[PDB]
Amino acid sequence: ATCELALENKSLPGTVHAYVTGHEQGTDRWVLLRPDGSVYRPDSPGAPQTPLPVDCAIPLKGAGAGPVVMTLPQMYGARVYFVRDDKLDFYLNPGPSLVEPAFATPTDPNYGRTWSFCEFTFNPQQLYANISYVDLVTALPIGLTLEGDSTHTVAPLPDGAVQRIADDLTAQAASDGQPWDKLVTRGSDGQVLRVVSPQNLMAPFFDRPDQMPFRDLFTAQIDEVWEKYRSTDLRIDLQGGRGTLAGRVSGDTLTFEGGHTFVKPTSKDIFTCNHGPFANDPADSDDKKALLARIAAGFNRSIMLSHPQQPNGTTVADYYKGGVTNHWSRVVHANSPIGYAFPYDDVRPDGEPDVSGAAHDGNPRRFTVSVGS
């Protein structure tokens, strides 16, 4: 099966190029869709940082001129990139390993460029696409529509969201002295290009935690939470009808019935949702993983003190209250109609709507990916 990929610039003046990158189903080989509709499968280069030998920039028709429509082959771990004005510099490392523009790396050739991407996978089961703000929001917000068995739309960041987000986070930084303002990337001309989530600002300092931004953002709150649940249960509803597991902090180990253990998180853990007690471990049981997700989510949303039982019984109104919270997620949620802003944002109270930025269809006919509005 293949699917139509429609690439659209709705409204933005100037030049927009799309890139489509992914792994070809089966071969696992990096592929790029080419402007001519064909696939470019890079060979492994003779040297690292080898510029992409083929220009895979797909020029979009002008604002409102309609979509570039190509045949999307099946591929996984795929991305649709957009870039304004410039093209993106993709490179090849031996492998071939596609060197993807690193939005949170200031040395990156594209760091000063206005670009964005969304993610998708297209296999014989489905096309699954995702607008996610876990890592960044950009001046080039992407929206998508997946037409197949049904029509699925994911609304983009509204025009100007990245500026609002940058401004809110800078305002936050003024208020709390935390480096929320450092999450903002401005081009050499002051244009807000993107704002990245805190883990992306923290990741360069993972090797040097003492200098890590936000290192102690959550430290006091975590101690408060850990202390709270030394003397009263934390009840985590695994949901899906699996029930709640009650946990108590034993020393520094949050331990649930069933033997699930969570060492005291750090601010790093809370932001990445993937270190300390939130480190993904494939050996983890489903329950452990469900517990992990919900605990990380509750820390990010700062409901660990307010809600000894969660996520059921909590609402979005409970999230992100007080000075110490994942303000990135709070601000992105305030400035986005849909889509997750942190890795366990999919944790939601039963009966609350899916606010993922995902669209998926088992019989995709057209995947329309658009910038502008």
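All residue numbers are counted from 1 along the displayed sequence.
Stretches 202 to 210 and 247 to 255 differ in mean CA B factor, with 202 to 210 having the higher one.
Judged by mean Cα B factor in the deposited record, 185 to 193 ranks above the other of 185 to 193 and 75 to 83. The residue among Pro343, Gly26, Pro311, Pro308 whose C-alpha atom has the highest B-factor in the PDB entry is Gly26. Remark: of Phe117, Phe271, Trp226, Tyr111, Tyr111 shows the highest value [criterion: C-alpha B-factor in the PDB entry].
When the CA B factors of the chain's modelled residues are split into thirds, the value for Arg215 lands in the highest one. In the PDB entry, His152 places in the highest third of its chain by CA B-factor. When the modelled residues of the chain are ordered by their C-alpha B factor, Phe262 lands in the middle third. When the modelled residues of the chain are ordered by C-alpha B-factor, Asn123 sits in the highest third.
Sorting the modelled residues of the chain by their CA temperature factor places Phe103 in the highest third.
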